[PDB]
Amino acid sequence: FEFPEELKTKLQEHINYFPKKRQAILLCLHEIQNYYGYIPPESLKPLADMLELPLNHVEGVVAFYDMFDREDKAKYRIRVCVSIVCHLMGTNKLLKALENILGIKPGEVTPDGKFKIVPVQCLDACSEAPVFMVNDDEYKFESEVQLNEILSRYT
């Protein structure tokens, strides 16, 4: 297994950024997940070598950090907050609207591999509850009609 050059270049950049290569591990894993739509297990051995860390170190880090997913490829992660304020202000209405539009529940991926719903802890936009992200984009849920428009922008 080899990183495509366009990805390897970004990884090298991150590794050159901090005074010590090993400080780059989380930025590298973000970059890998961004590229593949998950962390492929096979990617971890070449990454460990670039970081000059043991593989077991890198695997332990991927296991520890909840943003990294080794199981499911998804082009778009719909992160839905299930914490106190969003629960009070209508997380259930948001999940219902997501099932009505995409046909999936938390933990599941659409059959085309386009959308995965990820239940997450407080995203700290609580004044704008209930909150969700689509990859890096963050929104207040208003209604199913508004949600349908937002999701229409991800192709």
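So that there is no doubt, residue numbering starts at 1 and follows the sequence shown.
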Higher-B stretch (mean Cα B-factor, as the entry records it), 146-154 or 4-12: 4-12
Stretch exceeding the other in mean C-alpha B-factor - 41-49, 60-68: 41-49
Highest-ranked of 120, 27, 125, 101 once sorted by CA temperature factor in the record: 101
Chain third (lowest, middle, highest) by recorded CA B-factor, residue given as residue 113: highest
With respect to C-alpha B-factor, does residue 75 fall in the lowest, middle or highest third of the chain as deposited? middle
Relative to the other modelled residues in the chain, which third contains the C-alpha temperature factor of residue 86: lowest, middle or highest? lowest
Would you mind checking where the Cα B-factor of residue 130 ranks among the modelled residues of its chain, as the lowest, middle or highest third? lowest
